[PDB]
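Reviewing the structure listed below.
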């Protein structure tokens, strides 16, 4: 908060103190947060503290009081092992990490309290490198944060009321909202870069509720974009021509319990898109798709080797200094022609039992996927890779999850950018044969984008929570934009109020008032890859050709709606873009 305290700062201070005393009702909520914190891997917070000390001491030793304010949390968690037992209940794995890390932290506590070294990091990097041998994240039970496993409610401690309820509309009548009464022994770890956990908590009426717990990321961006989706299907179901089609985005609840601790509602009876495709295939198909040098797995890497000589990241940089246009299309169609041409069709006749009903599962799938690919562009979300789309195996509809790059941020700070606006690849148009992606995945996009260009004020007005309070993900990269970037046509001294967020709201207001979707994809590429080695080839690929693409025969602004979605779909499916992208996005399937 950090009040100013000139005239009314005192009454604001005592008012916040009044509420801080009025809430929290003793000791169930704060140690709920705490004992949920104390089960994650200590390596993630270890590298987090390493990042925040390398970024704030190793560059300039003038930042007064910030190191002495940030070593308090490093002293608390992974410090002296009775401090976790004082602040909360001590776990069963910090008593094996602090039991090992005593010699290494003796010199830390005795001289790295006020170190002022700023030049060497390998003395710590070798210990975090060797520490990943006796790091076992599976605690194999629920005793690994032993307050929830010994919860055992006994009296009116002002119940907790399992979070992620109170969805806005309606006088709530809170006697129905479920209350926590236990946890299960079997916990699971996920499959991501830092592997968040998945818990099986129980309601007060013997109902399982699973949740996804992640303990290092500030989940306020996700809360604001699910807030945006609530505005989005509040403006959809008011519109006339979209309500007959009954168009709605399907959301899900995410609560930021505190900074570096949030909960995600895990959804049930759903399966990811890659698992659906990879299990519709036959047993003679999958092994030859996986383990062939002519399979599109290894053929792309051999193309990376034979195109520019490099064998790793940066080959995509030297590929823009490699092939020409009419090499990539011909080397790409033979990559597209190695997977079977129908997999969603086999997956929709494998489960629909009737020719009346195959027709009506397919229209629902295609209309829902059209809706999320047009609403994933206004607020411009990138990284639409294969495990981000989640189909619902009881009604046939896709749900979109895992939002990392919210506004135009996939094509700015990533090494090799992503230039498509969404994911409309080959299988999504082979589903609709003998037609193609012009009948049903077109008028849905026109109706949705016409509703969003009806009243252009609502989403930009909701976007101002980002400018009234910047999050942690919009200040760790704001420094990178400050040290290298653009935006010198605007001022810098009013930072984070009209420099950064008025830029993002300016971009979304441009593409909501009518902008060429090749212009934005190179403006956001100029503002993050100016003075690049291969920058003219980026702005040459993502601009058109004027002989083969309609996105080069149209002006930049004042553009119309049907024309805008037309050049959008032209930018979406084009083998020039999809021939040279990131190898984990899998643009061929």
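Report yes if some residue within the stretch 88-104 is surrounded by 12 or more Cβ atoms within 10 Å (Cβ to Cβ) and either touching a strand residue (DSSP E or B) at 6+ places or on another chain (Cβ under 7 Å) or within 16 Å of residue 51 (Cα to Cα) (or both); otherwise report no. No, that holds for no residue. In the stretch 98-111, the residues that are at negative phi form Cβ pairs under 6 Å with partners that are surrounded by 11 or more Cβ atoms within 10 Å (Cβ to Cβ) and part of a helix (DSSP H, G or I), at six or more places apart or across chains, as follows: 104/127. In this entry, residue 140 is excluded by the filter for residues that are loosely packed, with under 12 Cβ neighbours inside 10 Å and touching a residue at least 24 places away in the same chain (Cβ under 8 Å).
Within the stretch 35-48, not a single residue is free of Cβ contacts under 8 Å to residues at least 24 places away in the same chain, closer than 21 Å to residue 108 by Cβ and out of contact with any helix residue (DSSP H, G or I) (no Cβ under 7 Å at 6 or more places or on another chain).
Quick grid of which residues meet (1) surrounded by 15 or more Cβ atoms within 10 Å (Cβ to Cβ); (2) under 26 Å from residue 577 (Cβ atoms):
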| site | (1), (2) |
| --- | --- |
| 457 | no, no |
| 475 | no, no |
| 482 | no, no |
| 513 | no, yes |
| 524 | yes, yes |
| 533 | no, yes |
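Condition check: free of Cβ contacts under 8 Å to residues at least 60 places away in the same chain, under 27 Å from residue 211 (Cβ atoms) and in contact with a helix residue (DSSP H, G or I) (Cβ under 9 Å, 6 or more places away or on another chain). Does residue 162 satisfy that? Considered against the rule, which asks whether it is free of Cβ contacts under 8 Å to residues at least 60 places away in the same chain, under 27 Å from residue 211 (Cβ atoms) and in contact with a helix residue (DSSP H, G or I) (Cβ under 9 Å, 6 or more places away or on another chain), residue 162 comes out as no. Please work out if residue 365 is surrounded by 17 or more Cβ atoms within 10 Å (Cβ to Cβ), farther than 30 Å from residue 416 by Cα and touching a strand residue (DSSP E or B) at 6+ places or on another chain (Cβ under 9 Å). Yes.
Looking across the stretch 305-333, the residues that are part of a helix (DSSP H, G or I) and in contact (Cβ under 8 Å) with a residue 24 or more places away in the chain come down to 316, 317, 318, 319, 320, 325, 328, 329, 331, 332, 333.
Pairs are defined by a Cβ separation below 8 Å, a sequence spacing of at least 6 or placement on different chains, a first member in the stretch 13-24 that is in contact (Cβ under 8 Å) with a residue 24 or more places away in the chain and at positive phi, and a second member that is part of a helix (DSSP H, G or I) and exposed (fewer than 10 other Cβ atoms within 10 Å of the Cβ); no pair meets this definition. Which condition does residue 441 not pass, out of (1) out of contact with any helix residue (DSSP H, G or I) (no Cβ under 6 Å at 6 or more places or on another chain); (2) not in a loop (DSSP other than H, G, I, E, B), if it passes all the others? For residue 441, the exception is condition (1). Scanning the stretch 200-241 for residues that are without any contact (Cβ under 8 Å) to a residue 24 or more places away in the chain and either outside any strand (DSSP E or B) or buried (at least 19 other Cβ atoms within 10 Å of the Cβ) (or both), we see that the one that is nearest to the chain's Cα centre (by Cα) is 233. Taking the stretch 457-514 as the region of interest, the helices (runs of 4 or more DSSP H) fully inside it that hold 3 or more residues being touching a helix residue (DSSP H, G or I) at 6+ places or on another chain (Cβ under 9 Å) and free of Cβ contacts under 8 Å to residues at least 40 places away in the same chain are 501-513. Tell me which residues, restricted to the stretch 167-193, are surrounded by 12 or more Cβ atoms within 10 Å (Cβ to Cβ), in contact with a strand residue (DSSP E or B) (Cβ under 8 Å, 6 or more places away or on another chain) and in a loop (DSSP other than H, G, I, E, B). Scanning the stretch 167-193 gives 178, 180, 181, 182, 184, 187, 190. The residues of the stretch 242-279 that are assigned to a helix (DSSP H, G or I) and either in contact with a strand residue (DSSP E or B) (Cβ under 6 Å, 6 or more places away or on another chain) or closer than 15 Å to residue 395 by Cβ (or both), listed by number, are 273, 276. The set of residues in the stretch 572-586 that are surrounded by fewer than 21 Cβ atoms within 10 Å (Cβ to Cβ) and within 10 Å of residue 332 (Cβ to Cβ) comprises 575, 576. For the stretch 1-57, the helices (runs of 4 or more DSSP H) that sit wholly inside it and include 1 or more residues that are surrounded by 18 or more Cβ atoms within 10 Å (Cβ to Cβ) are 29-37, 42-54. Filtering the stretch 542-571 to residues that are touching a residue at least 60 places away in the same chain (Cβ under 8 Å) and either over 24 Å from residue 322 (Cβ atoms) or surrounded by fewer than 17 Cβ atoms within 10 Å (Cβ to Cβ) (or both) leaves 545, 561, 562, 564, 565, 568, 569.
Conditions tested, residue by residue: (1) on the phi < 0 side of the Ramachandran plot; (2) without any contact (Cβ under 8 Å) to a residue 24 or more places away in the chain; (3) out of contact with any strand residue (DSSP E or B) (no Cβ under 6 Å at 6 or more places or on another chain); (4) surrounded by fewer than 19 Cβ atoms within 10 Å (Cβ to Cβ).
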{"site": "358", "(1), (2), (3), (4)": "yes, yes, yes, yes"}
{"site": "371", "(1), (2), (3), (4)": "yes, no, yes, no"}
{"site": "380", "(1), (2), (3), (4)": "yes, no, yes, no"}
{"site": "392", "(1), (2), (3), (4)": "yes, no, no, yes"}
{"site": "413", "(1), (2), (3), (4)": "yes, no, yes, yes"}
{"site": "423", "(1), (2), (3), (4)": "yes, no, yes, no"}
{"site": "440", "(1), (2), (3), (4)": "yes, no, yes, yes"}
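Throughout, read-outs are computed from the coordinates displayed, never taken from laboratory work. When we count neighbours, we look across all protein chains shown, and the Cβ atoms used for this are built from the backbone with ideal geometry, even at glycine.
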